[PDB]
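Heads up, the thing below is written out as C-alpha cells.
Chain letters run A, B, ... following the sequence lines, proteins first and then strands; every chain starts at 1.
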Amino acid sequence: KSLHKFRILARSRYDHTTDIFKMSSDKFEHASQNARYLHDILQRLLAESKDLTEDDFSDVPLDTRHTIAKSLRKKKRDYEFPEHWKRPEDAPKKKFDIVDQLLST
Amino acid sequence: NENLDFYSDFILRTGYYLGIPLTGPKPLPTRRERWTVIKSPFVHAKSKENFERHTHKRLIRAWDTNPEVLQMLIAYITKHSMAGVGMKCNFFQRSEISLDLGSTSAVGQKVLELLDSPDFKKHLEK
Amino acid sequence: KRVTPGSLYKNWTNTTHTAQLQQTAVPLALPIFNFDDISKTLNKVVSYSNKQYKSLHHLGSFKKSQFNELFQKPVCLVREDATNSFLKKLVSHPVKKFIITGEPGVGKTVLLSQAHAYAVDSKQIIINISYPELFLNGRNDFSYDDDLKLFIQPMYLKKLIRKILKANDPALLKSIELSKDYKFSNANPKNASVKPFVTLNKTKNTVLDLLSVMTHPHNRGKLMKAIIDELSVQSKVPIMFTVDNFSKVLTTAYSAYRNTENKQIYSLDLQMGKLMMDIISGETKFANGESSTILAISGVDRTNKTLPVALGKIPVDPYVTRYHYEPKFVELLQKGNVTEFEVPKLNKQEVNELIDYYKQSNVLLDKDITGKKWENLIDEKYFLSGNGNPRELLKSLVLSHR
Amino acid sequence: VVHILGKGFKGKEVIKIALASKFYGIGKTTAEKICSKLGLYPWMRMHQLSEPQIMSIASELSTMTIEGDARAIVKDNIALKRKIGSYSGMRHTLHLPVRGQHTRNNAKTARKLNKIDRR
Amino acid sequence: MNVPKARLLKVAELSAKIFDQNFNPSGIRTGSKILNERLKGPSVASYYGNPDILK
Amino acid sequence: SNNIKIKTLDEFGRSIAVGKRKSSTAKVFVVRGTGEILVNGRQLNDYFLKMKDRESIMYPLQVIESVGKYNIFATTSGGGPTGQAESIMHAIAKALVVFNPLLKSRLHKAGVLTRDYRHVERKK
Amino acid sequence: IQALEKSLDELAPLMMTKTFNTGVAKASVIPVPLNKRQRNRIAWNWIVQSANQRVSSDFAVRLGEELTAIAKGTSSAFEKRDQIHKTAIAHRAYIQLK
Amino acid sequence: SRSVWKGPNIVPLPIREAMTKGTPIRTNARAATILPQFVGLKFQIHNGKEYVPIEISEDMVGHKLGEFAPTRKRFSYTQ
RNA sequence: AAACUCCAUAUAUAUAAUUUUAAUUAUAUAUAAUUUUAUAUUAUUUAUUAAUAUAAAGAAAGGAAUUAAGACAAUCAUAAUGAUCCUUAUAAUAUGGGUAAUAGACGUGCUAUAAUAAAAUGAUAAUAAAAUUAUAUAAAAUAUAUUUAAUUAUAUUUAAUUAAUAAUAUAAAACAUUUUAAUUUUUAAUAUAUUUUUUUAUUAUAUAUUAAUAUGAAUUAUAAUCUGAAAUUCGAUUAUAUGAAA
Ligand SMILES: Nc1ncnc2c1ncn2[C@@H]1O[C@H](COP(=O)(O)OP(=O)(O)OP(=O)(O)O)[C@@H](O)[C@H]1O
Ligand SMILES: [K+]
Ligand SMILES: [K+]
Ligand SMILES: [K+]
Ligand SMILES: [K+]
Ligand SMILES: [K+]
Ligand SMILES: [K+]
Ligand SMILES: [K+]
Ligand SMILES: [K+]
Ligand SMILES: [Mg+2]
Ligand SMILES: [Mg+2]
Ligand SMILES: [Mg+2]
Ligand SMILES: [Mg+2]
Ligand SMILES: [Mg+2]
Ligand SMILES: [Mg+2]
Ligand SMILES: [Mg+2]
Ligand SMILES: [Mg+2]
Ligand SMILES: [Mg+2]
Ligand SMILES: [Mg+2]
Ligand SMILES: [Mg+2]
C-alpha cells in the first residue's frame, strides 16, 4: 500500500515500465547543496508514503500518460524471429580435419 | 580526432596500472555545425562559401572502482592533458536511502524590499 | 442534358456497384451453399440458393467494393477454418453472441453473409443492420418521443421495417401470433381519413400484419418497439440479429444530431442505439434458445481501446480519454457475454481453389495464364496478398495492371 | 424556391449552409445553433421545410441582430473613428488600409471598400 | 478519467507540497515565471571581452 | 591475403543480409520455408500498402523461381516505403546466394544485387 | 492490357511531318519516322482529350469508357491519324534519304 | 493590442497642475493610454516635429495619445 | 594541368561489459575501379585496333577541391593608406518621428480561380532525415475558449535534459472511409426490387445565370491573447462577424 502511494505522489518522476524513480535538482549553486535537497525530498516522500493513517490513495490508479508520451518518441523494435521458422537441421555441420585432429595429440 | 584518440589511449594505460577496469573509447556520433557565407557577388555564381566544424566524441567508462582511485585517475590525466581536448566526467555514487547529515532568490528579496518602500507602502495602506 | 439515360456518370466505386456490369459475366455452374451438407462443399467455391440470394439482397449482405460485378452472382468459398468453424460454434454454443473480427479485407462481411445464408435455410428470422452509420451521421430526420424518452428516426425506421418484411419468409412471420393488442395512427393513403387508427388484436393478427402497419412518422418509434417485443416474447421462430460495421457504433458514441441546446446527442439516447445495445447486452431476451446475435467490425472504421478491452485482449486503462475508450459500451458488451471469432487468413490451398475458380470465370489476365506455371502463380499471389488476405488477392489479379 | 425574410433559396440547399450564406451576420456556428434550436436535423434541405417551420426560422432570425441592424453597427463604429479624429478614422476617409498594410504597392481592395459608409 | 477530480486534486496538492512546487489550483496569473527566469546579465555584459586586459 | 570469408547459414539455417536504398536500411532473415513473409513483425499487406512495393520485394524470389520455398523475416528502418521495400529487395537477393551460389549470375543479370547509389543531392 | 496495346498500335501515326528551319529560306516540311515510345505519347494524348469530353466526374470512369469505345472500333482520333498520314504522303518527295 | 489583464499603459504626466490650473499638458508620450481622468483636459501631443493641441472627450478613453497626432503629411502627386 | 587527394558507396579489422541501443548503429584504420576478360559484327592507320552487340567476373553507379597571367567591374554599409574638408560641430547624448508615405511603372515571391482535387476522420499510434536546447528546449496534467471527448489556441504548473540518454517532435503527402457547388448528375414523399450504403417508377425539388459556390480569403467591425518598459504611427496569434478580385 505504501509503495502504491509513493508511485502516485511521484507523478511524472516514476516510470512504471522501468520502475525507476528519478529526480534531479540544479537549483542551488553547489552540487553538495543540491544533493542534500534531493535527499531531503526523498525522506519527505517516503515519510508521507509510509503514513497511511489518513489516506492511502488505493482508489486512485497509477497514471502512466507521461510515460506513454515518452514511448511514442522512441522507436520500438519489439519483433523477434519466429521460433517455428527455425531450421536447425540446415545449419552447416563441422567437418572432420585430420590435421587439426592430429595436431592436438 | 588525432589528439582525441591518442589521449584516449593514454587514459586506458593510466587506468590499467591504477587497477580500474575501463571500456572504450566508444565513438559517439560526431556533431557537425555548418555556416554559409554569401560572398560579394551573390549573383547565384560561386557566391556562397561553406564552412563546418566537427565535434569528435569518445566515451571511456570505468567500473568496479573505489572513489579515491577514480579521483587519482582524473587528477593524473588532467595534469597531462593534450591541446584542444575537453573532458566531462559523470560520477555515479550508490548510497543508502537514509543518510546522516545529508549528502531566498535575489529577485524575491528585492520584491520584499520594494513592497516595503514608501512608494509602495503608501498604497497598501488599507 | 449532359447525362443520357445510360451514361456512366458516377465515380468509379459507385459505377462498379451500380452499373450492372455483371451482365456480361459468363454463367458458371457451381454447387449451392447448404450447411446441412457442408461435407460436399467444404473448401469449394459455391453460389447461394435462389431463396438465399433474394433474402441477402434485401438484408444488405452484399456490399460495394467486393468485386461482385466480376461474377454473375456473388460467390463464396466455403472454408473449414472460417465458415465451418464459425457455423459449428453458432449451432452448439449456448449463449450464441459473437463479434467477428480480423484484419481489413479478411472476409468478415462474407462470413456474416454465410451466417445469413445459414439462417435463411434453417427457418430463422433475420434482423440485419448493415450500415449503422446511416442512423448516426445526421442525414435523416429525428424526433423525440415522450412516451419512450428516446430520439426516434422515422425515415430510417421505415426502411428498416421493410427490410425485415421483404427479407424474411412470410410463413415464419405469420406463424408468430401477436401477444398484445396494439393501436397505431393510420397513415394508409386509402382509408386514413376514414379510420383514425388501425387496431391489431391479439391471437388474431400476426407479426406479419404488424410489419405492414402504415403509421405517421411520430408513431413509428412505437411500432419498432412493438415489433421487437413481439419477436422477443415468441418462442416459435429463432431470431438472428446482426450488425455489420459495428466498429462504427463503438467508436461513435455521440451522433451528429444536436438537441435544442446545441449539444450532440449520445448514441444510447437514440432508439436505434438503445435497441441495438439492449439486444447485445441481454436486456432484451429472446424466448427461443436458437436466437443469436452476430456482430462484425470493419476496417474502414477507426480503432481504439473500447473493443479490445471489452474482449479481454488488453487491461483497462482508466486514464484513457473518452474519445478513445467508452466504458459504458464495454460494460454492455461484457454483460452480454459476447465472444470473439477472428477470421483467419487464407492458406495456400485455399488460395489455389480461389485462383482455380477465377481462371474458370475468365477474370485472370493473360500474363498469369500464358507462359507462367500454375504453381508459380499460386506462390506469387499468396506472397503478394499478404499470405492470405482475400481482398489483396483479388486486387493482385484484376486490379494490378503494372 | 423557399423564401425566408425575403431571401430566396434553391430547394436543394442545405439549411445550415444556406442561412450562413444569404444572411448578413450569420456564420457557420450561428446557423447550426438556429437549426438545432428549431429541431432541424443537421443536413436537412430547404425543400423539406414546411410553412410552420419556415415561420419558425423567420421568428428566430427576427430576434437576432442581422441584415440592416448588423450592418448599421459596423457603419456606426466606423463613423465614431472619424468623429474622434483618430488615425484609423482618417484612413477610412481616405480609402486607405486601416490595419498597417503597406501602400507603396497593392492596397487595391482598401481603395475599393474602405469608406465611412462601408457596405 | 473515472477518478474523481477531488481525489486527483488531493494528490496534486500533496505532491506539490512534498516537491516544493507552487500549487495554483485556480490558475490566477501569479508572475512565478518572472521569479524563476535565469539572470542573463553576466553573459550579456561580457559580450565584448574582459576589460581588464594589459595595455 | 584476402578479406572475404565464405558466407554460410547460421545455427538456425538462416541467411542474413543487409540492404540499403536512399536513406532506408533493411536486415532480412531468409530460411527455407513455404513463402511466409513478415515486415517488422507485421503482415506484408499491412506494412506496404502499394502493390508495386510488394512486387519489388518478390522480384528476387521470382528470378530464381523460389517464391514458395523460403520464409522471410524482414526488418527495415529509415526513409520511406519505396526505400525500405527496395532495400528489402536488395537484401533478399544478397541472402539467396548462400543457398545456391550457382544462381548469383542470374541475380546479377536481373539487377537485384546492385546497390542503387542514387540519393537526394544538395543542389550545387 | 492487350486491348490497350492494340488500340495504341492502331491509333498512333507511324510517321509525322515536322518543319525544319533549314536555310534562311522557308523551312521544309519533311516526314519523320516515330519510335514506339513517341507513338504511344501521341495516341495517349488523343485518348485523354477524348476521355475528358465524357460526363463522369471521375477521370478513371471517363478513361475507362473511352478505352472501351476504342476497343470496340469507335473513336474520333482515327481521323487525326488519317490527317497526319495524308500530309506525310503529300510530302513524300521532300524526304532526304541521305 | 496590450492585454487587458496587464492594465493601462500609465506614464508619468503632470495632471494635477492641468486640473487645478487648466494649463495644457505638453508631452511626447504618444504611447500613453488616455485614462478616464484625462477627459476634459487639454494635451499638446508631439508628432515628431510639432505639438498638436487636442482636448480629450469621453469617446477617446482607452485609445492612445499618438492616435490623434498624425506624423505624416497626406500624399500628393505632381499630376 | 592531370595524376594525386578527400567525400560518397562496397568490404575488412578494431572499439561498445548491445539500458546513452539506432549493432538495421556509431567512427577510427585499411582495401577496392581511371574496372576487367572472351567472342561475333562493322569500320580502321586491318593490328596486339576502335565502334558495337554477346557471354563471363564485379557492390561499383556520383561528386569535390585544383595554374599563373591578361583584360575589365564594384565603395567593400564587407578592410586599409595618403590627401582633402568640419572642430560649440559635418563630432557626442536623450525624447519623439521617419526608414512602413502613395498617382503610375518594374522585379521576385505567396495564396488562389474545384472533381487525374479540395475538405473532414483514422490511438496497442504507417513510414524520415538533418539540426537545435546554460543569453535554454519545454513533457505530462489541469483550466478557459467549449461542447462527452478529441482537435486548435492561450493560461496555470515547470517533469526530464545541457544531451547517441530528456525535450522541440506521434513527420507530411501516401493509403482507406465520408463529403463536395456548378449538376434535375441532387434531395424528398410513396410504391418497387435477386443492385438494398442500391435499382426502377410517379410526383414535387426555383428562378436567375457567363456565371463566384459549401471555390477563393482580400478588406473590415468587435472581443481576447503573446513578446516587451512600451505594439499610436508600426508587430504576431485566436474567436465571432464580414466574404473583395480571380
Ligand atoms: N470466403 C470467401 N470467398 C470468396 N471471396 C471472399 C471470401 N472472403 C472474402 N472474400 C473477398 O474478399 C474481399 C473482402 O471481403 P469482405 O468485404 O468480406 O472483407 P472484410 O474483412 O469484411 O472487409 P472490411 O474490413 O473492409 O469491412 C471481397 O472481394 C470478398 O469477395
Ligand atoms: K453570412
Ligand atoms: K503603411
Ligand atoms: K510589386
Ligand atoms: K541493439
Ligand atoms: K520607426
Ligand atoms: K480544389
Ligand atoms: K518524425
Ligand atoms: K500597433
Ligand atoms: Mg527539474
Ligand atoms: Mg502531446
Ligand atoms: Mg530522444
Ligand atoms: Mg466488411
Ligand atoms: Mg526599406
Ligand atoms: Mg509511428
Ligand atoms: Mg502539453
Ligand atoms: Mg501518425
Ligand atoms: Mg491528410
Ligand atoms: Mg468576377
Ligand atoms: Mg471555404
Examine I:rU187 and I:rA68 and say if both key distances are under 3.5 Å for a Watson-Crick or a G-U wobble pair. no

By the 4.0 Å heavy-atom rule, please label A:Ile68 as base, sugar-phosphate, or nothing. base

Touch class at under 4.0 angstrom, heavy-atom based, for F:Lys109 against every strand present: sugar-phosphate

Please work out if D:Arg119 contacts a base, only the sugar-phosphate, or nothing of the nucleic acid, heavy-atom cut-off 4.0 Å. sugar-phosphate

How is D:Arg104 classified with respect to the nucleic acid when contacts are heavy atoms under 4.0 Å: base, sugar-phosphate, or nothing? base

Whether I:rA120 and I:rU197 form a base pair should be assessed as Watson-Crick or G-U wobble, both distances under 3.5 Å. Do they? no

Do the side chains of C:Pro74 and C:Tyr53 get nearer than 4.5 Å, heavy atoms only? yes

What does B:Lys88 touch in the nucleic acid at a heavy-atom separation under 4.0 angstrom: a base, only the sugar-phosphate, or nothing? sugar-phosphate

Any base atoms under 4.0 Å from A:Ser24, or only sugar-phosphate, or nothing? Heavy atoms, all strands. sugar-phosphate

The sugar pucker of I:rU90, read from the sign of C1'-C2'-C3'-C4' where positive is north and negative south, is south

Rounded distance in Å - CD (C:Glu261) to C1' (I:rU146): 14 Å

Does the pairing criterion hold for I:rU202 and I:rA189? That is, Watson-Crick or G-U wobble with both distances under 3.5 Å. yes

Need one value for H:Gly66: base, sugar-phosphate or nothing, where a base atom within 4.0 Å counts as base even if backbone is also close, heavy atoms only. base

When rounded to whole Å, the CG to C1' distance for the pair A:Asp78 and I:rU21 reads 14 Å

Glycosidic torsion of I:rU165 (syn if within 90° of 0, anti otherwise) classifies it as anti

Nucleotide nearest A:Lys74 when distance is taken to its side chain, options I:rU233, I:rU21, I:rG243: I:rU21

Any base atoms under 4.0 Å from D:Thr103, or only sugar-phosphate, or nothing? Heavy atoms, all strands. base

Touch check for D:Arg118, heavy atoms < 4.0 angstrom, all strands: base, sugar-phosphate only, or nothing? base

Can you tell me whether the side chain of E:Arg38 and the base of I:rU162 have a donor-acceptor pair closer than 3.5 Å? yes

Distance between the P atoms of I:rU152 and I:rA182, in whole angstroms? 34 Å

How is D:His47 classified with respect to the nucleic acid when contacts are heavy atoms under 4.0 Å: base, sugar-phosphate, or nothing? base

So is the aromatic ring of C:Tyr323 stacked onto the base of I:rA149, judging by whether the centres are under 5.5 Å apart and the planes are under 30° apart? no

Length of the CD-P vector between H:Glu67 and I:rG97, whole Å: 13 Å

I'd like to check, for H:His46, whether its ring lies over the base of I:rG96 with centroids under 5.5 Å apart and a plane angle smaller than 30°. no

Whole angstrom value for the distance that separates P of I:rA17 from NZ of B:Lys26: 7 Å

Nearest to the D:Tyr24 side chain among I:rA101, I:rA123, I:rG243, which nucleotide is it? I:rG243

With a non-hydrogen cut-off below 4.0 angstrom, is D:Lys10 in contact with a base, only sugar-phosphate, or nothing? base

Base, sugar-phosphate or nothing for A:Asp26? Non-hydrogen atoms, less than 4.0 Å. base

note: D:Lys33, atom NZ; I:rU240, atom P; distance rounded to Å ~ 9 Å

Partner check I:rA40 against I:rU52: Watson-Crick or G-U, both under 3.5 Å: yes

